[PDB]
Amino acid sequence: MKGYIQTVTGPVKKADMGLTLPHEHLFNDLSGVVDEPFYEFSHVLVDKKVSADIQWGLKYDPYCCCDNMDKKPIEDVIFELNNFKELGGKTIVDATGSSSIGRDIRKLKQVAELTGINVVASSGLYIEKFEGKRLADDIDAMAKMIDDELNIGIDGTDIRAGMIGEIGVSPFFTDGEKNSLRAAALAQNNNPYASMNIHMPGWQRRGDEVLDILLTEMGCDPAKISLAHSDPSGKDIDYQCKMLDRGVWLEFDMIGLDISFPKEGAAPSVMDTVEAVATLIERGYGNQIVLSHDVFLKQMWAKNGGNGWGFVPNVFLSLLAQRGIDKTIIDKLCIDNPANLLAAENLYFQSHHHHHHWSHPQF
């Protein structure tokens, strides 16, 4: 009841969220993991500024280009956000949950103030590749950290997160990643409105084991959990329906990504995802799907010839309409659905305890 989201400038009621993008990165920095050029052609990309003129190459070796991986200037972010705002965009979630990937809580607030867009920050540890020994900390310590970022503030400020995530599950799903997942679950169970967004290894099928931890072991409300990067499993209808049947949200957050990675894998095409999402809706799962772009590289900005932040609401929803999906469902996909995921109250945990373990005797 009384659902709301905690934004970087205060609470916003569920009914007021409007057109919402539940998984994006406004400010992130991958400077510590610039890869060596992978292909014969990549060397020329390494020291160049991202522009339309090098899309030809960045679409095949995004991670070798330093500028592509560097901090995001506020001027550029605001320019790109205006594309979303012009379409009636009202709310955006920055899923950069950790300092390990360059979370910038002060700039998130600045953007909210300048644009009037509802900006939601996140709290959550990413994959071990970035987090290292941070994932070996005590589960209760990790959970308290997330709880404090949701309720008190981030990095010494009074600016709070409103989502738990994106929680790192790598293709190796390490012991530390499993403990990070448990910590996120403990934090969620003490925060009745916080959704939890899981970074999944999208070219794998680790959903059942992740849900065995979150749902079976930790007892989380599946309706407050979303599986990020579901896009590359969109052809695997049996797997995706198996996950949906466990009650969680599937998030197709790579819509218009249009990049091939030298390892991980190549991103599904927009039309691939139109068909996957349309098919799930026809199977009756429309109320369990959310959509986003996962902007996280400069090459994804529209000013650089990428698809920017207007693509899902403007093009993807039109493509679904052409594919014969009912307008009533289309209108909910980017409004009602993310508002429910992000802001509806948890069915299992309706109290916040001024200690997550506030059920055990202090005496």
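For every residue, the number given is its place in the sequence shown, counted from 1.
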Report summary line: Of 319 to 327 vs 292 to 300, the stretch with the larger average CA B-factor in the entry is 319 to 327
Query raised in the report: Of the two stretches 118 to 126 and 136 to 144, which shows the higher Cα B-factor on average in the entry?
Result: 136 to 144
Query raised in the report: Between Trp249, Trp203, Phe261, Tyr193, which one tops the list for C-alpha B-factor in the PDB entry?
Result: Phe261
Query raised in the report: Against its chain's modelled residues, does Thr20's Cα B factor rank lowest, middle or highest third?
Result: middle
Report task. Classify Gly97 as lowest, middle or highest third according to the C-alpha B-factor given in the PDB entry, relative to its own chain. Result -> lowest
Report summary line: Chain thirds by Cα B factor, record data; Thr9 belongs to the highest
Report task. Please rank the C-alpha B-factors of the chain's modelled residues and tell me whether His199 sits in the lowest, middle or highest third. Result -> lowest
Report task. Pull the Cα B-factor of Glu177 out of the PDB entry and bin it into the chain's lowest, middle or highest third. Result -> lowest
